[PDB]
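Here's structure24.cif, which has mmCIF, C-alpha atoms:
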data_upload
loop_
_atom_site.group_PDB
_atom_site.id
_atom_site.type_symbol
_atom_site.label_atom_id
_atom_site.label_comp_id
_atom_site.auth_asym_id
_atom_site.auth_seq_id
_atom_site.Cartn_x
_atom_site.Cartn_y
_atom_site.Cartn_z
ATOM 1 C CA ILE A 325 -22.540 -69.392 23.980
ATOM 2 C CA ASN A 326 -22.276 -66.653 26.603
ATOM 3 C CA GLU A 327 -18.646 -65.845 25.801
ATOM 4 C CA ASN A 328 -19.130 -66.004 22.037
ATOM 5 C CA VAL A 329 -22.249 -63.842 22.310
ATOM 6 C CA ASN A 330 -20.359 -61.324 24.444
ATOM 7 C CA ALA A 331 -17.478 -61.153 21.965
ATOM 8 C CA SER A 332 -19.941 -60.458 19.153
ATOM 9 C CA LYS A 333 -21.485 -57.724 21.289
ATOM 10 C CA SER A 334 -17.946 -56.403 21.746
ATOM 11 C CA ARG A 335 -17.190 -56.146 18.031
ATOM 12 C CA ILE A 336 -20.480 -54.301 17.451
ATOM 13 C CA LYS A 337 -21.188 -52.256 20.576
ATOM 14 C CA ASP A 338 -17.963 -51.746 22.531
ATOM 15 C CA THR A 339 -15.585 -48.977 21.496
ATOM 16 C CA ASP A 340 -12.050 -49.419 20.181
ATOM 17 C CA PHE A 341 -10.016 -47.170 22.461
ATOM 18 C CA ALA A 342 -7.035 -47.229 20.096
ATOM 19 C CA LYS A 343 -9.127 -45.968 17.176
ATOM 20 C CA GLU A 344 -11.238 -43.573 19.243
ATOM 21 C CA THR A 345 -8.322 -41.848 20.971
ATOM 22 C CA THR A 346 -6.772 -41.281 17.545
ATOM 23 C CA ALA A 347 -10.083 -39.909 16.263
ATOM 24 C CA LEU A 348 -10.299 -37.600 19.278
ATOM 25 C CA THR A 349 -6.793 -36.196 18.831
ATOM 26 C CA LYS A 350 -7.421 -35.667 15.123
ATOM 27 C CA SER A 351 -10.659 -33.831 15.905
ATOM 28 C CA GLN A 352 -8.884 -31.586 18.411
ATOM 29 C CA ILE A 353 -6.175 -30.637 15.917
ATOM 30 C CA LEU A 354 -8.838 -29.648 13.391
ATOM 31 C CA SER A 355 -10.576 -27.671 16.136
ATOM 32 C CA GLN A 356 -7.367 -25.714 16.738
ATOM 33 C CA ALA A 357 -6.631 -25.423 13.015
ATOM 34 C CA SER A 358 -10.087 -23.989 12.335
ATOM 35 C CA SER A 359 -9.764 -21.603 15.282
ATOM 36 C CA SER A 360 -6.428 -20.286 14.011
ATOM 37 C CA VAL A 361 -7.805 -19.858 10.492
ATOM 38 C CA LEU A 362 -10.814 -18.029 11.927
ATOM 39 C CA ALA A 363 -8.589 -15.485 13.670
ATOM 40 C CA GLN A 364 -6.637 -14.933 10.453
ATOM 41 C CA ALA A 365 -9.977 -14.500 8.668
ATOM 42 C CA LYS A 366 -11.317 -11.970 11.183
ATOM 43 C CA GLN A 367 -8.612 -9.518 10.068
ATOM 44 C CA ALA A 368 -9.546 -9.951 6.396
ATOM 45 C CA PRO A 369 -11.984 -6.981 6.465
ATOM 46 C CA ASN A 370 -9.579 -5.023 8.683
ATOM 47 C CA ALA A 371 -7.507 -4.374 5.556
ATOM 48 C CA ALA A 372 -10.375 -2.155 4.383
ATOM 49 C CA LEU A 373 -9.282 0.311 7.069
ATOM 50 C CA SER A 374 -5.908 0.575 5.322
ATOM 51 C CA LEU A 375 -7.869 1.940 2.342
ATOM 52 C CA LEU A 376 -8.770 5.034 4.413
ATOM 53 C CA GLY A 377 -12.454 4.248 3.922
ATOM 54 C CA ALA B 2 0.337 12.673 -19.028
ATOM 55 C CA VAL B 3 -1.447 13.457 -15.750
ATOM 56 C CA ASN B 4 -5.208 12.888 -15.737
ATOM 57 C CA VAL B 5 -7.885 12.658 -13.056
ATOM 58 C CA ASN B 6 -10.764 10.940 -14.888
ATOM 59 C CA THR B 7 -8.951 7.578 -14.905
ATOM 60 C CA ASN B 8 -6.195 5.927 -12.861
ATOM 61 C CA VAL B 9 -4.478 2.980 -14.537
ATOM 62 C CA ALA B 10 -2.390 2.335 -11.423
ATOM 63 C CA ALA B 11 -5.552 2.125 -9.313
ATOM 64 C CA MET B 12 -7.175 -0.428 -11.625
ATOM 65 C CA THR B 13 -4.066 -2.625 -11.763
ATOM 66 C CA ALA B 14 -3.478 -2.585 -8.004
ATOM 67 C CA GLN B 15 -7.129 -3.437 -7.369
ATOM 68 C CA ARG B 16 -7.019 -6.369 -9.798
ATOM 69 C CA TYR B 17 -3.918 -7.879 -8.200
ATOM 70 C CA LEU B 18 -5.476 -7.261 -4.784
ATOM 71 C CA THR B 19 -8.573 -9.250 -5.758
ATOM 72 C CA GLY B 20 -6.430 -12.071 -7.117
ATOM 73 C CA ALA B 21 -4.316 -12.116 -3.964
ATOM 74 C CA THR B 22 -7.463 -12.060 -1.824
ATOM 75 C CA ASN B 23 -8.810 -15.016 -3.802
ATOM 76 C CA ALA B 24 -5.553 -16.862 -3.119
ATOM 77 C CA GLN B 25 -5.946 -16.056 0.578
ATOM 78 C CA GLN B 26 -9.530 -17.332 0.673
ATOM 79 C CA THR B 27 -8.861 -20.609 -1.141
ATOM 80 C CA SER B 28 -5.786 -21.257 1.004
ATOM 81 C CA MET B 29 -7.471 -20.552 4.344
ATOM 82 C CA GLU B 30 -10.257 -22.951 3.376
ATOM 83 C CA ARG B 31 -7.659 -25.681 2.828
ATOM 84 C CA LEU B 32 -6.192 -25.424 6.341
ATOM 85 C CA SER B 33 -9.526 -25.125 8.157
ATOM 86 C CA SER B 34 -10.986 -28.157 6.372
ATOM 87 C CA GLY B 35 -7.715 -30.083 6.210
ATOM 88 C CA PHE B 36 -8.442 -31.063 2.589
ATOM 89 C CA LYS B 37 -6.842 -29.653 -0.547
ATOM 90 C CA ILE B 38 -9.843 -30.932 -2.551
ATOM 91 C CA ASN B 39 -12.918 -29.096 -1.257
ATOM 92 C CA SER B 40 -14.733 -28.438 -4.550
ATOM 93 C CA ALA B 41 -14.626 -29.572 -8.159
ATOM 94 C CA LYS B 42 -12.898 -26.298 -9.074
ATOM 95 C CA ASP B 43 -9.714 -27.316 -7.245
ATOM 96 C CA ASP B 44 -9.471 -30.600 -9.165
ATOM 97 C CA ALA B 45 -12.365 -32.235 -11.002
ATOM 98 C CA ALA B 46 -10.485 -35.449 -11.779
ATOM 99 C CA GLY B 47 -8.820 -35.537 -8.368
ATOM 100 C CA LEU B 48 -12.172 -35.154 -6.628
ATOM 101 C CA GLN B 49 -13.623 -38.147 -8.479
ATOM 102 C CA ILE B 50 -10.793 -40.562 -7.684
ATOM 103 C CA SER B 51 -10.611 -39.362 -4.077
ATOM 104 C CA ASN B 52 -14.325 -39.992 -3.556
ATOM 105 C CA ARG B 53 -13.866 -43.455 -5.057
ATOM 106 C CA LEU B 54 -11.091 -44.091 -2.538
#
Written as structure tokens, how would this file's structure read?
Amino acid sequence: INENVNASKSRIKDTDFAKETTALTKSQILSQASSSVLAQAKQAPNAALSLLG
Amino acid sequence: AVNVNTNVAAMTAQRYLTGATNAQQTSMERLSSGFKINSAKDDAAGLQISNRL
């Protein structure tokens, strides 16, 4: 009962390193993708300077 | 004829600049989010099926 209880606690509580490492890498790539888009967006109002205003 | 009260070229360039800016804004949202379906405007039917999936 100790082993079967521990395995149940594994499926519920313990983390799946295969799935979590993939979720971490995906999150990082969206962190870099949002950062790059932010930089491109920061120059959006800079075009107003080209209007000589 | 040359006139100063109105500028047809100015109105046309502004309109195409607002359309191009709208294309820039919708695109940059797609990369930052990672989804090409961020609102019902992009695809109403596609949003519904995607949420069901």
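The residues of chain A lying at most 7 Å from chain B, with all atoms listed in the file taken into account, are residues 354, 357, 358 and 361 of chain A.
Atom CA of residue 42 of chain B is found 19.0 Å from atom CA of residue 54 of chain B.
Proximity of B:15, B:39, B:7, B:20 to residue 51 of chain B, computed with all atoms listed in the file, is greatest for B:39.
The gap separating atom CA of residue 345 of chain A from atom CA of residue 328 of chain A is 26.5 Å, in Å to one decimal.
In this structure, atom CA of residue 351 of chain A sits 17.4 Å away from atom CA of residue 37 of chain B.
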